[PDB]
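[1] Below is the sequence, then the experimental coordinates.
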Amino acid sequence: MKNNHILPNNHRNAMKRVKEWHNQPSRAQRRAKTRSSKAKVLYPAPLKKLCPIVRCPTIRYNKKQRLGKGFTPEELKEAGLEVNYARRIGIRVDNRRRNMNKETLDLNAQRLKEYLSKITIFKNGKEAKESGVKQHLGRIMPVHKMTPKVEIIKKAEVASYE
Amino acid sequence: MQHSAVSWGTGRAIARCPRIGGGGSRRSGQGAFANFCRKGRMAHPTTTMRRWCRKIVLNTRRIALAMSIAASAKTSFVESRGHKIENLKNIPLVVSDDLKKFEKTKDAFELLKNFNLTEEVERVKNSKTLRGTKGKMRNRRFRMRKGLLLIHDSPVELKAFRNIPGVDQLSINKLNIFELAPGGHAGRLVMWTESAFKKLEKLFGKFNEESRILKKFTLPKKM
Amino acid sequence: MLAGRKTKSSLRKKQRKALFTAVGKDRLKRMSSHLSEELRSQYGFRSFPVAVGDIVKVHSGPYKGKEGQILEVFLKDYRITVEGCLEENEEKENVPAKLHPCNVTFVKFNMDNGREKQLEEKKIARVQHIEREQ
RNA sequence: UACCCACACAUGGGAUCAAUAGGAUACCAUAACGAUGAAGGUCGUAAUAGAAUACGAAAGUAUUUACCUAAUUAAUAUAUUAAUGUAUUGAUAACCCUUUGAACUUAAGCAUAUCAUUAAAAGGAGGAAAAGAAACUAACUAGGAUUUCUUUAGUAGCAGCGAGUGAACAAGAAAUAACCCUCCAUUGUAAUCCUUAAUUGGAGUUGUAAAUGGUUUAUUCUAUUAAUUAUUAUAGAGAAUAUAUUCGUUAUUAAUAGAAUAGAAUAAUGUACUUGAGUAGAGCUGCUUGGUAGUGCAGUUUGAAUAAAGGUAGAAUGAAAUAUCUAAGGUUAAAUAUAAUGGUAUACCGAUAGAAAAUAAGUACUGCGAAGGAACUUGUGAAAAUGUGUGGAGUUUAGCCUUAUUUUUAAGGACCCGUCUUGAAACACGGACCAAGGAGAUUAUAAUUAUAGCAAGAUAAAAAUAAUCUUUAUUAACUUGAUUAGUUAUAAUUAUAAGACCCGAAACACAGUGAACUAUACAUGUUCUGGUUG
RNA sequence: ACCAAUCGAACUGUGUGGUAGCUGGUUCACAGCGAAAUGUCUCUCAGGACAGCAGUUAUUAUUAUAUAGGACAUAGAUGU
RNA sequence: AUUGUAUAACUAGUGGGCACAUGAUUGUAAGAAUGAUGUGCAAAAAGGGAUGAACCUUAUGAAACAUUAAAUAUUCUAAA
RNA sequence: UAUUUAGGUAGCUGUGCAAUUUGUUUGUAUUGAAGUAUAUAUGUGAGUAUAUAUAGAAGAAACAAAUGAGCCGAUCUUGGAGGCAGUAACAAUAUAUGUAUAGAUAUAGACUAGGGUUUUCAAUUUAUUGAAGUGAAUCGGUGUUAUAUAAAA
RNA sequence: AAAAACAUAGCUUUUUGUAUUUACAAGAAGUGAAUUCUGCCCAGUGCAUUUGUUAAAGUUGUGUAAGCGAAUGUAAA
RNA sequence: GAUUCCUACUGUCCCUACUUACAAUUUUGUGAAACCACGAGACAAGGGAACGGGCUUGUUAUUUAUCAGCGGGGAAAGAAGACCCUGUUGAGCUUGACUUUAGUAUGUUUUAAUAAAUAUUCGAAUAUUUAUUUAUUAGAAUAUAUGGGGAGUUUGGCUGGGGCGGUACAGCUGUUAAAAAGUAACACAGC
Ligand SMILES: [Mg+2]
Ligand SMILES: [Mg+2]
Ligand SMILES: [Mg+2]
Ligand SMILES: [Mg+2]
Ligand SMILES: [Mg+2]
Ligand SMILES: [Mg+2]
Ligand SMILES: [Mg+2]
Ligand SMILES: [Mg+2]
Ligand SMILES: [Mg+2]
Ligand SMILES: [Mg+2]
Ligand SMILES: [Mg+2]
Ligand SMILES: [Mg+2]
Ligand SMILES: [Mg+2]
Ligand SMILES: [Mg+2]
Ligand SMILES: [Mg+2]
Ligand SMILES: [Mg+2]
Ligand SMILES: [Mg+2]
Ligand SMILES: [Mg+2]
Ligand SMILES: [Mg+2]
Ligand SMILES: [Mg+2]
Ligand SMILES: [Mg+2]
Ligand SMILES: [Mg+2]
Ligand SMILES: [Mg+2]
Ligand SMILES: [Mg+2]
Ligand SMILES: [Mg+2]
Ligand SMILES: [Mg+2]
Ligand SMILES: [Mg+2]
Ligand SMILES: [Mg+2]
Ligand SMILES: [Mg+2]
Ligand SMILES: [Mg+2]
Ligand SMILES: [Mg+2]
Ligand SMILES: [Mg+2]
Ligand SMILES: [Mg+2]
Ligand SMILES: [Mg+2]
Ligand SMILES: [Mg+2]
Ligand SMILES: [Mg+2]
Ligand SMILES: [Mg+2]
Ligand SMILES: [Mg+2]
Ligand SMILES: [Mg+2]
Ligand SMILES: [Mg+2]
Ligand SMILES: [Mg+2]
Ligand SMILES: [Mg+2]
Ligand SMILES: [Mg+2]
Ligand SMILES: [Mg+2]
Ligand SMILES: [Mg+2]
Ligand SMILES: [Mg+2]
Ligand SMILES: [Mg+2]
Ligand SMILES: [Mg+2]
Ligand SMILES: [Mg+2]
Ligand SMILES: [Mg+2]
Ligand SMILES: [Mg+2]
Ligand SMILES: [Mg+2]
Ligand SMILES: [Mg+2]
Ligand SMILES: [Mg+2]
């Protein structure tokens, strides 16, 4: 130490216990392989399931919407499904969550009608394998990132704006 | 470092380096545990902690693709590489799309014979020789020249062109640099199909427009 | 890579270990020979392993052109001895020559130990392969 | 004759160059032991047998399996009537869960601290194990079981406040799944359970309750065996022979075993209001954590309430409001970690290298014992050290530099190199001679210089087909507040930590072996012959 | 004194490539430039850090209307 | 007298010194110990003091020709 | 266009030669590649190029890349071979015809502990190979115990 | 390093009456055969015997320990 | 065992001489080691790291290339000096060195039920003591004292070598000190 440096802080056992990432491209080949092999087992059904829309907790991320975990049974009561029937279709159900507002309940209730208007139901699996219908693979109806919009207002109303 | 040696010390008219203990053979009494000793480990042993890969900026990797493509249309850049293009018709050249219906090797070989494209197949074939170094014993026995490249649109490679020596194929989507400029020089003789050549105008745009397929890319200006 | 492993590999030392340490039916098929043209019209395959006593003819090498009968077969060396050929020794030239069976084509067979049963089994299995393709 | 030099030819030795049925590293699959006798050992069997290698009196090419060995006519326990049946015991050297637990070292000394919730040692299971359905996080317009990756972050904090050590929420992803006992289960009836060929013999009211069919057809995937492949080419990967041929590659089928999905047919459907005590918490005492006056655990004394009740909300106690949850009984797939064993590849080494071993290598050989542990491939034939033949000088002077056709002599110059040192030819240390080997390379974090892309913005984070920096704007806080072109990479140098340019102590701790030499106690055996005195 | 040729704490394996302000060694050519053995602090005196002496690269001209280990003219300080 | 001057950034070695001339302190004295000013050896070639780290002439690539300094001219040994 | 500058230990910077492997381009070889030994030319120097003999199968150059990247020394590691030197230090009974006549030194023989084929014979020169050889009711062990594993007296 | 060192009988002091063993016994120390002697000192340090200072836990609250200090003996300590 | 004197006795001595055996000297056979910068001839004086084989001025040997002796020199060979000093390097041992601990002594709380007596505080609370059988494995958790029987570690610097003595180890004045500023000594006279 014979010049102008910052105070170094390097721990003694930093290089003695090391984990190396040599298997990174070989791991990503396997995960796409079992994902594609699982798709043929349930052929007409989609790969993923439905998720609700929630808000983020703190004030740093207060203006962001995000895919949550599961649907409360009261939002299913608005759409008209029962929880033993809705689990057999690709719908996730959460029971720990509590209802808070009206705006977050009318949003999720409208979203369940859009999913019901698209799915069909056959008799048995022999009938379903014979029909050739394109199988969806990504997320199911995700959120999309917003674009900000600036409103133009007249000159008179700025003295009485809110 | 397998043994259990220890230094004997001074007072014996002998060096300080660690000696193999025990007895009963020619081995006992010899040195160990040093880089200057026979059957001893080397100082600074190599390890797998060493960095094996480098990191390059994304916008620079797309520039080197855009430059080496333009060199394949230049005349003297191809001739300095070593290809024989004296009798070829016009460069760049683009054949019709109906090419991937060929199911035999005999049919695809006539297509090169229809143009004046045979001496590249022969000059690859006569140039095979041994390697000068110790790499003969390590799966690097023969080395030969490089021939024509063919860019197509199919996501699976064509089995008709696989056997001919000195012909490589590459899809339009991936576009490696290990083929378009081998050995750090540009000017490889390329042949384009129809649909792949028509996909270039979306892939790079003009000097003012942005690319929509490649996000945040624009061709550089002239200094 | 123990012995007779029969691998798909491109290394020099891995392929050569399968040539020395092969056993069983794999050692037989290394010593095969090419068919004549008129024999090819009768059966239809390309090659077949070699037994003792059938008349062969050399088609390449310093002994080109001579025709003889097979006297011995050496499985441990991949060599055979053909009649009419002489090799120099330190006393005489009466030593018969040792050749590799990839340089010879045989002209007439020798039917011993169920040889006709084996040849007719291959000719049946060949034409069924052609019917799968069309 | 000996001593010295020059040339030519022969001995001695295994360096250089070229090859290779050997090794090293990374990735993928598997993850199969044992009382129905394992792993390991001793002795035997070949027509002429020693080493190596394979095999058990059926013995050197689908059954048998000599003798020890957990080694078992047993031991610790349960069931039926001293006998019989059932379960456990041994091997491991990587990953997993508990118990016990150091010192060398750093602080330029050392005693709290660090190395360290480490090494050694003991117990217990599986192909994975452990964990897992809030007596949670927060203060928002609120989120939602467990596990793993990026980031927050070398931050809040802890500490002779010294050296040093060190977390979580929120945010972006991989993968997703929830359930069962504990009351008073229709008392118009134990409706249950083990065993027997048999309501045969029991268990059970101090409370047991357990629906059943494997037939057939089709499809997909994995593993092992067997078969056919042009000489134009769905075959230019590679080997072998000689100076134009084969095995394969490529591309197709068959057989056996295992797994999953679907159809048809055969079997089968009653009633169910349970919530966890010598626990949770107090006083004294010891360990652990970043947790600061419990973050978590344990010994001793004491020991409650039952939803009109109880717990928690990052300084202490007492009190109050507002939020948000309900402990002390049980099961659970996927995403994740790594050996023995078998495969595939490579900017790795090429016989003083690579594993100790190109394998008659854990072999020969050493030690009372725990234990220690080498040399040797095939062609070419360097130097050190010698032999024979021919030629030449002198007896007073090795080798080197300069100038000269008196160059096997003459005149001048000239102490033996490396190294500490004010100062070395030194009576200062190392070096008799040749060959081969042999010491500032790698990684993390900062800074300056050169170069490249974009620029008020910059980016290959994990993953799939966000964050950080410019700029935490100052202050301990309140009160207050515009401004120095950056960020991402490639290369060289310097600083700190890693074995850290290479070789070198006297010592300390953990786990084990010796009274054949010699010392002491106990048991059992053996211990030659002649005189003196009194 | 003795405890297997070892005894004022035996022998074998591991932590271990234990720490050393202390001895020893450190491998190719030419060209440009070129030192210190002094001051202060230190459980400091066989060792460290700051200052001094050195090297490399860079930008800029009235900071030549300027500088100097010099001299001359003028005004002064001192107690050998 | 000087064609430049001035300003920044990064980084190494060294901190055991000795001798001559002038002048001092302690000591009977010392090739003894410790300070002050200048120049050297360390790190500096050739020629002369017979020989010598510091004495006397004297600035630096490879050579040839003429002139001197320090010192010398019986002989070794160039020069009455 | 140096008519001006050029020594140098510790130390700092620039231009260049040698070795192994990787991508691209150009070329050599059975009328003879790599290695080794003697000469000649060339470079201020690290070095390079050619010629003759020997041997028998693969090696060179240019533009870029990766380092286990250049020895006289460490009482350095492993192998081979000198001087001193044929020097120190040790061994050395008589017979003209003999499986004998003499001389000389040393007490000898059985059980146990330890050794394990050294025993005996044949053939070839304290060696090498090949055969043969160990016979128990009465000679040892196997039995009893030394106040919770003990006797070849 | 074989002695002038160690041992020895002889002399003396001390602890134990709940010993698998029982005071002519079982543990701990110093001098060194026999003969003749073994003087004075308890202030210091130790050892023994006997009636000002001092912790925690418990109770509505309060109180109580050994040890140290003081007195008396003891030098073949 | 350590020390002195008489008698006898003698190569211990005056002062050495002669004989024999075994090694040695001569021949054949088996056939090593320490040591080695270079050693090619040796001296007198000089200077020099203050005792040269080599450097500078002087004086000098030589049997055809030997054999057997001898111990002046090569500051001869063996062993990284045991004596002395330094190191912020160790170990055995002692104690009124620093910090602690096994063992042991004494309190408090836990301890079978029952009845009675006595004492101390205010009908009640404490304490002491006796008797019976219905318990009786014999211990556990904390506090104070004793504790080289044990366990870790330390035990400054300057200095005409270290130790003993002094502090020239922090402040102030005059002289050393040489007419600007700056300057040493276990030098001077003092605070
Ligand atoms: Mg090695
Ligand atoms: Mg080579
Ligand atoms: Mg360490
Ligand atoms: Mg320390
Ligand atoms: Mg230290
Ligand atoms: Mg220490
Ligand atoms: Mg700890
Ligand atoms: Mg799992
Ligand atoms: Mg589990
Ligand atoms: Mg920690
Ligand atoms: Mg029930
Ligand atoms: Mg074929
Ligand atoms: Mg509850
Ligand atoms: Mg080699
Ligand atoms: Mg080896
Ligand atoms: Mg001279
Ligand atoms: Mg000295
Ligand atoms: Mg001297
Ligand atoms: Mg000496
Ligand atoms: Mg020496
Ligand atoms: Mg070398
Ligand atoms: Mg060491
Ligand atoms: Mg121990
Ligand atoms: Mg001994
Ligand atoms: Mg200079
Ligand atoms: Mg030194
Ligand atoms: Mg400095
Ligand atoms: Mg004046
Ligand atoms: Mg120096
Ligand atoms: Mg001179
Ligand atoms: Mg003189
Ligand atoms: Mg003259
Ligand atoms: Mg120079
Ligand atoms: Mg190296
Ligand atoms: Mg060498
Ligand atoms: Mg050197
Ligand atoms: Mg040697
Ligand atoms: Mg003799
Ligand atoms: Mg024999
Ligand atoms: Mg005696
Ligand atoms: Mg003696
Ligand atoms: Mg005595
Ligand atoms: Mg007496
Ligand atoms: Mg007293
Ligand atoms: Mg008295
Ligand atoms: Mg004699
Ligand atoms: Mg002399
Ligand atoms: Mg003198
Ligand atoms: Mg002599
Ligand atoms: Mg020494
Ligand atoms: Mg010191
Ligand atoms: Mg100590
Ligand atoms: Mg002690
Ligand atoms: Mg001192």
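    Everything's here; your move. Residues are numbered from 1 along each chain as shown, chains lettered A, B, ... in the order given. Ligands and ions are numbered 1, 2, ... in the order given.

[2] so residue C:75 touches residue C:27, yeah?
    Yes - with contact defined as Cβ atoms under 8 Å, residue C:75 reaches residue C:27; the gap is 6.1 Å. C-beta coordinates here come from the backbone N, C-alpha and C atoms, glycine included.

[3] Distance check, the residue nearest to the spatial centre of chain B against RNA strand D.
    Closest to where the C-alpha atoms of chain B average out (Cα atoms, centre = their mean) is residue B:178, at 4.9 Å. Applying Cβ to the nearest atom of the strand, to the nearest Å, the value for residue B:178 to RNA strand D is 12 Å.

[4] Would you mind listing the buried residues in the helix or strand hosting that residue?
    If you go by DSSP states H and E, residue B:178 is part of helix B:177-180. Within helix B:177-180, the residues that count as buried by 16 or more other Cβ atoms under 10 Å in any protein chain shown are B:179-180.

[5] And for residue A:37, the neighbour number?
    9 (other Cβ atoms under 10 Å in any protein chain shown).

[6] Can you report phi and psi for residue B:190?
    phi -110, psi 150 (degrees, to the nearest 10).

[7] Make sure it is actually in contact with residue B:92.
    Yes - between residue B:190 and residue B:92 a contact is recorded at 6.9 Å, counting by Cβ under 8 Å.

[8] Now do the shared contacts for the two.
    Both residue B:190 and residue B:92 are in contact with residue B:72, where contact means Cβ atoms under 8 Å, 6 or more residues apart in numbering or on different chains.

[9] how about the closest residue to residue C:63 other than its chain neighbours, phi and psi?
    Excluding its sequence neighbours, the residue lying closest to residue C:63 (Cβ to Cβ, 6 or more residues apart in numbering or on different chains) is residue C:85, at 5.6 Å. When read as degrees, to the nearest 10, the backbone of residue C:85 gives phi -110, psi 140.

[10] Verify the stated contact: residue C:85 with residue C:95.
    No - look at residue C:85 against residue C:95 with Cβ under 8 Å: they stay out of range, at 9.5 Å.

[11] quick one, strands of the chain?
    With no chain named, the answer covers chain A. Applying DSSP state E to chain A gives strands spanning A:53-55, A:65-67.

[12] Switch to chain C, please.
    C:32-34, C:47-49, C:55-58, C:67-74, C:79-82, C:104-108.

[13] Which of those strands sits closest to RNA strand F?
    Closest approach to RNA strand F among the strands of chain C (Cβ to the nearest atom of the strand): strand C:79-82, 72.9 Å.

[14] Quick check: buried residues in that closest one?
    C:80-82.

[15] Between the two ends of stretch A:121-140, how far is it?
    18 Å (Cα to Cα, to the nearest Å).

[16] Now that stretch: buried residues?
    Neighbour counts over stretch A:121-140 (16+ other Cβ under 10 Å) mark residue A:128 as buried.

[17] again with stretch C:36-47
    residue C:39.

[18] Name the nearest residue to residue A:35, sequence neighbours excluded.
    In this structure, residue A:35 finds its nearest non-sequential neighbour in residue A:47, 7.8 Å apart by Cβ to Cβ, 6+ apart.

[19] In contact with the one you found, which residues are there?
    Counted by Cβ under 8 Å, 6+ apart, residue A:47 has contacts A:35, A:38-39, A:135-137.

[20] With distance to residue B:217 added, can I get the residues you listed in a markdown table?
    What follows is the contacts of residue A:47, written out as a markdown table (distance: Cβ to Cβ, whole Å):
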| residue | distance to residue B:217 |
| --- | --- |
| A:35 | 31 |
| A:38 | 36 |
| A:39 | 34 |
| A:135 | 33 |
| A:136 | 31 |
| A:137 | 28 |
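
[21] neighbour count winner among residue B:190 and residue B:92?
    residue B:190 (20 against 13).

[22] Identify the bridge partners of the more buried one.
    residue B:149 (DSSP bridges).

[23] Let me see the contact set for residue B:204.
    B:66, B:211, B:214, B:217, B:219.

[24] Looking at these, which one is closest to residue A:130?
    Sorting those by distance to residue A:130 puts residue B:214 at the head of the list, at 41.9 Å, by Cβ to Cβ.

[25] Nearest to chain C: which residue in chain B?
    residue B:139 (5.8 Å; Cβ to the nearest Cβ).

[26] starting at the chain centroid, how far to the biggest helix by length in chain B?
    Looking across chain B with DSSP state H, the single longest helix is helix B:58-71. In terms of Cα atoms, centre = their mean, to the nearest Å, the gap separating the centre of helix B:58-71 from the centre of its chain is 17 Å.

[27] now do stretch B:192-207
    Put simply, stretch B:192-207 sits 25 Å off its chain's centre (Cα atoms, centre = their mean).

[28] Quick one: neighbours of residue A:21, just the number.
    Counted with other Cβ under 10 Å, residues neighbouring residue A:21 total 7.
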